[PDB]
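Undergrad: experimental structure below, sequence on top.
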Amino acid sequence: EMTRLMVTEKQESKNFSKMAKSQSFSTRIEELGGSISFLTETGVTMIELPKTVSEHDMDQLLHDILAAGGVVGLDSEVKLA
């Protein structure tokens, strides 16, 4: 299970592009139950994260997104709930 955030990398959040690609963010949610999805056609990064992660991993890792300027949009909560 995993809630997918559609992040967009552009002059706004292009700081996020390589953040998600970083060794830290490559793994962070993947080991929790979610993962990364890059849609490089337009510059979107869909982060799937289950609310079954620890609140730290939920809040602060989806916030790691925002730390990178990455903007979070709700694709779907826990694999399309």
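TA: Received, thanks. Residues are numbered from 1 along each chain as shown.
Undergrad: spatially central, which residue of this protein would that be?
TA: Here the mean C-alpha position of the chain is nearest to the C-alpha of residue 47 (CA atoms, centre = their mean), at a distance of 2.9 Å.
Undergrad: got a list of what it touches?
TA: By CB atoms under 8 Å, 6 or more residues apart in numbering, the contact set of residue 47 is 4, 5, 7, 20, 29, 34, 35, 36, 37, 62, 65, 72. Using the backbone N, CA and C atoms, a C-beta is placed for each residue, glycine as well.
Undergrad: what of residue 36?
TA: 20, 25, 26, 29, 30, 45, 46, 47, 48.
Undergrad: for the residue in the chain sticking out farthest from the centre, phi and psi?
TA: Most distant residue from the mean C-alpha position of the chain: residue 11, 17.9 Å away (CA atoms, centre = their mean). Listed backbone geometry of residue 11 is phi -50, psi -20, with angles given as degrees, to the nearest 10.
Undergrad: in stretch 43-59, what counts as buried?
TA: Along stretch 43-59, the positions that meet the burial threshold by neighbour count (16 or more other CB atoms under 10 Å) are 44, 45, 46, 47, 48, 49, 50, 53, 57, 58.
Undergrad: now do it: distance to the chain's middle.
TA: Taking the mean C-alpha point of stretch 43-59 and that of its whole chain, the gap between them comes to 6 Å (CA atoms, centre = their mean, to the nearest Å).
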